[PDB]
Every structure is written in C-alpha cells, then in structure tokens.
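Just so you know, residue 1 is the first one in the sequence shown, and it goes up from there. Side-chain atoms are counted along with the backbone in the values below, which use heavy atoms only and exclude waters and symmetry mates.
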Amino acid sequence: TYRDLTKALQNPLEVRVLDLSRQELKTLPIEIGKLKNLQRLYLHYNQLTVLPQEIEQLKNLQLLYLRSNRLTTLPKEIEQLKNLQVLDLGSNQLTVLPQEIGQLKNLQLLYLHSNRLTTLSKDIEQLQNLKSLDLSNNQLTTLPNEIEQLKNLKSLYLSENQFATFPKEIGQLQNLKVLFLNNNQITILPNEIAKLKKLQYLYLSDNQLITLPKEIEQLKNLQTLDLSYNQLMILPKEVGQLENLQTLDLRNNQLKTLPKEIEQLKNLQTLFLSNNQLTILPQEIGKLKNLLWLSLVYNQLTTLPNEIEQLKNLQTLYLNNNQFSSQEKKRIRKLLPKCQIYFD
Ligand SMILES: [Cl-]
Ligand SMILES: [Cl-]
Ligand SMILES: [Cl-]
Ligand SMILES: [Zn+2]
Ligand SMILES: [Zn+2]
Ligand SMILES: [Zn+2]
Ligand SMILES: [Zn+2]
C-alpha cells in the first residue's frame, strides 16, 4: 500500500495499492501507467475532471475508487480494465456512462451515488457479474429495458431520483434482496414488486404512496418494510401476510385504522405509527407476540383495547400527543406493568 506517487514511480513493479486521496489532484499524471501490477487505485477527494488514456496500462486493476472528484465521463480505455470488479464513481458530475461500461465483464459493484445521470446506459445488460448497483441521488425518471437482463443483481439503490412512476423493469430482477427507492415521487406500488421472492428489505420512505397492491402478500422473505413519510390512508389486509416482517415503519402517513389481519405478523418486533390519524386500534394488536417497540405518538387515540395486556414482550410504548384522559392513562399503565410507557 503506497500513498505517495513520486515514491511509487521509483519502484514501479512493486506497487499493488495506491492511495492518492486528498492530494488536490487536478489531473492523474500519465506516468501512472508504469505501475503494471496495480490492483486497487484510490483517488478519492481530489479535483479530477477526466481520467487519462494511460489507465489502459493497468491490466491487473481490480478496484477503482474515485469518490468525490469532478468527473463528467469515463475514457474509452476503461474497456481494457478486464479484471475490474469494483468501480466507484460516487460524488462526481457524470451526465452519462460511456458504452465501454458494458465491457467491464468482471464488475460486481458499480457505485454511482450522487451524480448527474438522466438515464441509465442500455449497455448495463452486459454486466452479468454485477451484484450491487447504486444509482441514488441522480435525475433518473425511468430504467432501460436492458436492466431486465441483470438476473444476478442482489442490491439496487434508486433513492433521491425523479421517479414519479415505479419502473416495471424491477419486476424482472428475480434475485433482488435489497431495494431502496426512498425520496422519489411514486404514487402507486404496482404488482411487479410481488415478483421479487427473495426481497428482504424494501425502502419506500418519502414518496406519495396512497395504495399498496394486494400482491404484497407474496413477499414472504420481506423482513423490513419502510413506508414512512407517504400518503397512506388505508393499509390493505394483505400486509398481514408478510410472515417474515420484523420491522414495519408506517410513521408520517394518514392511517385511520389498522386491519385485524396485523395479528398474522408473528415476527414483527418494531412498529412505528407516529403521526397518523389513528382513532382506534383493533383488539388483534394484542396478538403481536414478538412486538418489542411500538410508537403511536401524535394520533387521535382515546383508548386502547384490553388485549394490549397480551403484549408480554412489549418493552417500549410511546403514546404522547393523543386524546387520552387521565383515567385512560391510569388504566393503560395497569394493563402493561412490564412496559416502559410514555404519555407526556
Ligand atoms: Cl443508497
Ligand atoms: Cl442519503
Ligand atoms: Cl414512530
Ligand atoms: Zn490506447
Ligand atoms: Zn448509495
Ligand atoms: Zn444520498
Ligand atoms: Zn433499450
């Protein structure tokens, strides 16, 4: 592992890792090609506007980390980095990916969090070894039909983009376990989500969601569902069929009630329900045997069913800013003597 270039260049065939981060580099010197055995190249937190063609000489390069630079595109020579497995272009100014991105056949991770991408390159389909794709904080409104060919992709990040519609192409990504779609403008969650049988974590925080599809019930491997900061008025009964669900974040919505089918969520440990319009909770709330945390701060609750006493594992319960009388607060305290309860 080398941190100084001048020193790396005096003994070129010995360098394996090169870290030129925070060195105020405007350009990557062309003499960089002399490092024939280079495996990982770290050029983060510099002011690089382009990469020179001499990167073609770096045949053994497995990792290229260019986090926080001023890159606008990648050179055609990137196609010669046949052994490249990780390419990090985070916090740059990329408007487009060159067609040569499709030539990096051994790529596993492509990190593009925070750029200026308006479309995703159609040559993404050639990246058959790609397992993680981060396209967060860009200006995407759609996904190319060619992304449907990435059957082995496991993680996809699409938070902070311009998605007014959920891209149906996601439905073909059969091996996805993680999907981030936070901070978008999605109003409808279509049934294409139900095709993701291996999906474990789904993040849809800060969208404009009104309805969840009934096909959500097919998501049997789903452990985290984040629907916070949406427009949900009704939770379909099918949400109760998410057998593996451990965390459900429904804070900051417009829910009036919870379906009685919530009783089927035997693995649920954490439920966030603050800032809703809840006037009543079903007596079936008491069947949530594994529930540890429950927050209902800022709702319209005047009472709780006696069946809350069945929540034997409940450790924390936030009840602030509701419509409980001093008599109700006293009654609720008696129902849950092993639970930490907050009223004010
Ligand atoms: Cl992300
Ligand atoms: Cl973020
Ligand atoms: Cl909450
Ligand atoms: Zn060349
Ligand atoms: Zn990211
Ligand atoms: Zn971000
Ligand atoms: Zn196409």
Side-chain angles (χ1 to χ4, degrees), residues 1-94 96-117 121 123-124 126-138 150 152-157 178:
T1 301
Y2 278 72
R3 275 160 224 97
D4 184 62
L5 177 67
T6 321
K7 286 287 159 282
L9 288 177
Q10 279 160 16
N11 215 1
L13 299 161
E14 291 287 311
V15 196
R16 228 135 283 259
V17 179
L18 185 75
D19 195 346
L20 298 185
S21 64
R22 304 160 200 281
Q23 272 176 46
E24 298 187 305
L25 302 172
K26 308 302 163 180
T27 63
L28 185 64
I30 72 118
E31 18 287 320
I32 205 97
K34 290 177 73 173
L35 311 185
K36 313 297 176 188
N37 290 305
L38 202 74
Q39 298 187 313
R40 304 209 305 278
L41 181 52
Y42 292 96
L43 299 174
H44 49 296
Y45 301 86
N46 283 302
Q47 300 85 41
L48 300 172
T49 60
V50 293
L51 290 165
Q53 69 185 327
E54 288 78 16
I55 61 160
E56 72 191 358
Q57 297 177 47
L58 309 172
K59 306 297 194 201
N60 300 292
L61 207 73
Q62 286 184 319
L63 192 147
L64 185 55
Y65 193 100
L66 287 152
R67 188 77 61 85
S68 190
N69 278 287
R70 296 155 179 189
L71 299 166
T72 41
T73 194
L74 282 158
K76 190 181 188 284
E77 290 74 18
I78 212 100
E79 78 181 310
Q80 297 188 46
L81 305 178
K82 304 299 191 192
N83 297 314
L84 206 76
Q85 287 168 333
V86 171
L87 171 59
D88 193 305
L89 291 153
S91 298
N92 280 276
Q93 306 163 3
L94 304 157
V96 282
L97 290 174
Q99 67 183 334
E100 285 83 26
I101 205 101
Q103 291 310 303
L104 304 166
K105 309 285 181 181
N106 285 327
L107 212 69
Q108 295 175 343
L109 196 152
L110 180 68
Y111 196 90
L112 288 155
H113 194 134
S114 295
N115 276 281
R116 294 181 183 185
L117 308 166
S121 180
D123 298 288
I124 200 74
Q126 295 297 314
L127 303 192
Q128 281 309 302
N129 281 305
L130 204 67
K131 282 171 182 181
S132 180
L133 183 54
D134 192 334
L135 287 158
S136 295
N137 199 24
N138 280 286
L150 301 193
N152 303 127
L153 192 81
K154 286 180 88 182
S155 303
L156 179 69
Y157 309 84
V178 181

- Identify which one of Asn46, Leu43, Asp88 satisfies the side chain to side chain contact (heavy atoms under 4.5 Å, CB included) criterion when paired with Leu66. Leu43
- Stepwise, does the side-chain contact (heavy atoms from CB on, under 4.5 Å) test hold for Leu130 with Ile124? CA-CA 9 Å; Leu130 204 67; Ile124 200 74; 4.2 Å; yes
- Message: Any heavy-atom pair between the side chains of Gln126 and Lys105 that's under 4.5 Å?
- Response: yes
- Check each of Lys59, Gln53, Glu100 against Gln80 using the side-chain hydrogen bond (donor to acceptor under 3.5 Å, both in side chains) test, and report the only one that passes. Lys59
- Item | Nearest heavy atoms of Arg116 and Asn138, plus distance in Å | N-OD1, 3.4 Å
- Item | CD (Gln99) with more than 12 external heavy atoms under 6.0 Å | no
- Message: The test is side-chain contact (heavy atoms from CB on, under 4.5 Å); show your working for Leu104 and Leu110 and say whether it passes.
- Response: CA-CA 10 Å; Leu104 304 166; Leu110 180 68; over 6 Å; no
- Counting heavy atoms not belonging to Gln10, are there more than 12 under 6.0 Å from its CD? yes
- Going through the checks in order, is the side-chain contact (heavy atoms from CB on, under 4.5 Å) test met by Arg16 and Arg40? CA-CA 7 Å; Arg16 228 135 283 259; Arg40 304 209 305 278; over 6 Å; no
- Query: Going by the angle between their ring planes, with limits at 30° and 60°, are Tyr42 and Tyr65 parallel, tilted or perpendicular?
  - Reply: tilted
- Query: What heavy-atom pair brings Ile32 and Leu58 nearest, and what distance separates the two atoms?
  - Reply: O-CD2, 3.5 Å
- Note on the structure: Between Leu89 and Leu94, the two heavy atoms sitting closest are CB-CD1, 3.6 Å
- Task: Give, for atom OG1 of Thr27 and atom CG of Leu25, the distance between the pair rounded to the nearest 0.5 Å.
- Result: 7.5 Å
- Working to the nearest 0.5 Å, report the span between CD of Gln62 and CD of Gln85. 4.5 Å
- What heavy-atom pair brings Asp19 and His44 nearest, and what distance separates the two atoms? OD1-CE1, 3.5 Å
- Message: As a test of understanding, state which of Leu112, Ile101, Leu109 forms a side chain to side chain contact (heavy atoms under 4.5 Å, CB included) with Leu87.
- Response: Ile101
- Task: Could you please spell out the steps behind the side-chain contact (heavy atoms from CB on, under 4.5 Å) verdict for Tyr2 and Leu35?
- Result: CA-CA 11 Å; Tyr2 278 72; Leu35 311 185; over 6 Å; no
- Message: Ignoring hydrogens, what is the shortest heavy-atom contact between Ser114 and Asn137? Give both atom names and the distance.
- Response: OG-ND2, 2.8 Å
- Message: Consider side chain to side chain contact (heavy atoms under 4.5 Å, CB included). Of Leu127, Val86, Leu133, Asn129, which one does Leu107 pass it with?
- Response: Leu127
- d(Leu48 CG, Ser68 OG) to nearest 0.5 Å is 10.0 Å
- Message: Just verifying a value: how many Å separate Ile78 CD1 and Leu74 CG, rounded to the nearest 0.5 Å?
- Response: 4.5 Å
- Polar contact flag, side-chain donor to acceptor under 3.5 angstrom, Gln103-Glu79: no
- Interatomic distance, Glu31 atom CD to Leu5 atom CG [nearest 0.5 angstrom]: 7.0 Å
- NZ (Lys154) and OG (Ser132) are apart, to the nearest 0.5 Å, by 10.5 Å
- Nearest heavy-atom neighbours spanning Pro52 and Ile30: CB-CG2, 4.5 Å
